[PDB]
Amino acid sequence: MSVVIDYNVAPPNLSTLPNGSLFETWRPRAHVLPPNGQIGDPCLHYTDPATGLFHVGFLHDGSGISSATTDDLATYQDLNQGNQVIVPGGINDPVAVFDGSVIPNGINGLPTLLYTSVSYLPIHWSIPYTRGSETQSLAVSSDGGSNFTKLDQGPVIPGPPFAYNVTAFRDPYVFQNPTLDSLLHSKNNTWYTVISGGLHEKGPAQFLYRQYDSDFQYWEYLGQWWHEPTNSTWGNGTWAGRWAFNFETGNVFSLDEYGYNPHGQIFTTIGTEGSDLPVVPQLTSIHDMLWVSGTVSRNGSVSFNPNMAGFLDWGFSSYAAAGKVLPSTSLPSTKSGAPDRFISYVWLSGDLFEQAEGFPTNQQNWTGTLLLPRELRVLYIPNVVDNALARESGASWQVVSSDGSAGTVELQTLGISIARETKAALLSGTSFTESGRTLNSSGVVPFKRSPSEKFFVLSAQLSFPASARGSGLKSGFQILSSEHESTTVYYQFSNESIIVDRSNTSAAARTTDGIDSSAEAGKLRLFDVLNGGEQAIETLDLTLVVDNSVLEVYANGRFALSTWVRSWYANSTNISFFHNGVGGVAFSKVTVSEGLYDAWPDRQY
């Protein structure tokens, strides 16, 4: 007959169930992930100039790269039924295919992938590097992006600069930039490539190259344009993790206030691989997903000089973001009226980067997802009170101007928001509002109405009184609640953090191994702001997207924290206000939009 899963009945040890039986249990409907199996780093994204279609890529099942297309930046169509567009086992990549990026109009006017071809394993920053384990090779797709055919020749970058003792040398990221062109006297619209890694006994680095010939064959090395001492940190480690022991997945792009701009301010996103001391061999224990703003100067060699940094996503399991310029002329942008954008997809590892021992993987028959596509832009925060909170150095914002008479500053930071078409589609269900209210005493106050399924967007503003500052206040929402389970998301002033408490999230965690229930946290400063003569603590503007087990928490256009919320009971759908009674908090009207949408309309599962 069939395998019988009834989510009103208590879970077994989930490891005892048949393979595939929990395929739908925690599976999102509005996120990019393959038809089944494991997803790794995103990469390979490009806009096809001939069609305007946006292609997304990701590592799949540890055997190369799979891909999908989108004509709206909301929904996707698989290429090759989800099967890889390039796989290991060639002359240059006999052991593995790691991340690569695409020159959309490359050799013969075709999408041209420059990627890390792997010949020797293991590879880790903590151990000696095997010579030639990572090279960079070319492949070209002449069939619309379903198959990237390896050029029948050796790698175009056959290793690091002479005698460099690299920790890593991978994830080539191709990009154009007119500011670099002027500084370096490059031909206009030269392609640059950064390769990510570092050097033993020195620290993490991005290795910079430029196209030497129009055939993409030779790549002139321009030095370690950005490097940091081993396990150093931006500021004192508060706002942007650590530079740690190795850089991965370096992206480079340039922004203004609306989106992507070639002449704009220059940013990079990187993963950093961290560790406690002493180092455990071959173990990266901390996977930080950072963004960094910087100025670019030259003294013989070009240099990127960070002036602020933060997290692109604060989630423990968030890492390895890959993004791409998406021009206004693309199919999605033409329909939505968007200007040029930089769209970034963060990876949410499904199994704690392969440390989640005993998770029911064969039952689920999939592992991991990408997060919602995110638009990156320069965000300005006006009318901020010029005080110590605003003026802190080594943080994730900087003062760009002053008004002495008003007593204020204008702050600059990285804007992070859900890509506009995806956001509209997430909100396309049916909506209802809960009335605003002030809470002063301790407890959870049920919503009058809660969603009946685990697929929703909750939006709300939280306004705090002056005395909340430095207090023991905790305020937010309890979600996915029933008598058996609950998840609490709250702001906490004591350490200026958004917290996701997962201690009670999953009844399955009580009966099964490998179901992480540890707290998640990200730093967020609410500044003192001036609005029509009166000073107040900045409003907390919250968006929670729950897509079955995938939780993404956005705040104030500049913050994201994402995690797994693997609730079991069909019942666990209630929402409540939460406040710990330390001070007062005023909640606006809360909007709940239920159902999301189907990001994979041509799949049945």
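Residue numbers run from 1 along the displayed sequence.
Enquirer: Could you settle it for me: does 582 to 590 or 19 to 27 have the higher average Cα B factor in the PDB entry?
Expert: Mean CA B-factor is higher for 582 to 590.
Enquirer: Select between 1 to 9 and 595 to 603 the stretch whose C-alpha atoms have the higher average B-factor in the entry.
Expert: The stretch with the larger mean CA B-factor is 1 to 9.
Enquirer: Taking the Cα B-factors listed in the entry, which of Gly514, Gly197, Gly350, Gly132 comes out highest?
Expert: So the option with the highest C-alpha B-factor is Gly514.
Enquirer: Comparing recorded Cα B-factors across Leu411, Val97, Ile418, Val140, which one is largest?
Expert: Answer, based on the entry's C-alpha B-factors: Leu411.
Enquirer: When the deposited Cα B-factors of this chain's modelled residues are ordered and cut into thirds, is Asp48 in the lowest, the middle or the highest one?
Expert: Tercile = middle for this residue's CA B-factor.
Enquirer: Check where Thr539 lands among this chain's C-alpha B-factors and tell me if it's the lowest, middle or highest third.
Expert: Its C-alpha B-factor belongs to the highest third of this chain's values.
Enquirer: Which third, lowest, middle or highest, does the CA B-factor of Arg510 fall in along this chain?
Expert: Its C-alpha B-factor belongs to the highest third of this chain's values.
Enquirer: Consider only the C-alpha atoms of the modelled residues in this chain, order them by B-factor as the entry records it, and name the third containing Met308: lowest, middle or highest.
Expert: Middle third by C-alpha B-factor.
Enquirer: Name the third of the chain's ranked CA B-factors that contains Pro204, choosing lowest, middle or highest.
Expert: Its C-alpha B-factor belongs to the lowest third of this chain's values.
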